[PDB]
């Protein structure tokens, strides 16, 4: 469910299969490294820093489910645990870096709860800028001091 985005031969970030969409953070430079995904029509929102295409039918079963449900505790991503408390996702400073935008954060059922956009270095911890969902709609939540990834 995760695809590299590349520019000039380098991985710049990721797109992920979420719900029935191919989702990519808009700010990530380059092209998704699948020629068919790269050619789809994407609905682009500057407000949410998001581009989303309808998932190819052949890939529909590979998509992750997703949810607005975000009880406090810990969640999962490529690098390990993501804390969620007081409406903030945090990780240890240094785990994430430029090149990690587009990676999903998941609950233990495998449901996507957020897509990483960047991180604000707050000392020992880094607070993530994310696309995430409330019960009604998508949102973008960006801590002060965020560096886009």
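Positions refer to the first chain, counted from 1.
Student: Take the C-alpha B-factors listed in the entry for 2-10 and for 140-148, compute each mean, and give the stretch with the larger one.
Tutor: According to the entry, 2-10 carries the higher average C-alpha B-factor.
Student: I need to verify one thing: averaged over C-alpha atoms only, is the B-factor higher for 95-103 or for 57-65?
Tutor: That would be 57-65.
Student: Whose C-alpha has the highest temperature factor in the PDB entry: 86, 119, 123, 80?
Tutor: Most elevated C-alpha B-factor of the set, per the entry: 86.
Student: By the CA temperature factor listed in this entry, which of these ranks top: 37, 31, 52, 112?
Tutor: The C-alpha B-factor peaks, among 37, 31, 52, 112, at 31.
Student: Select lowest, middle or highest to describe the third in which the CA B-factor of residue 44 falls within its chain in this entry.
Tutor: For residue 44, whose C-alpha B-factor we compare with every modelled residue in the chain, the answer is the middle third.
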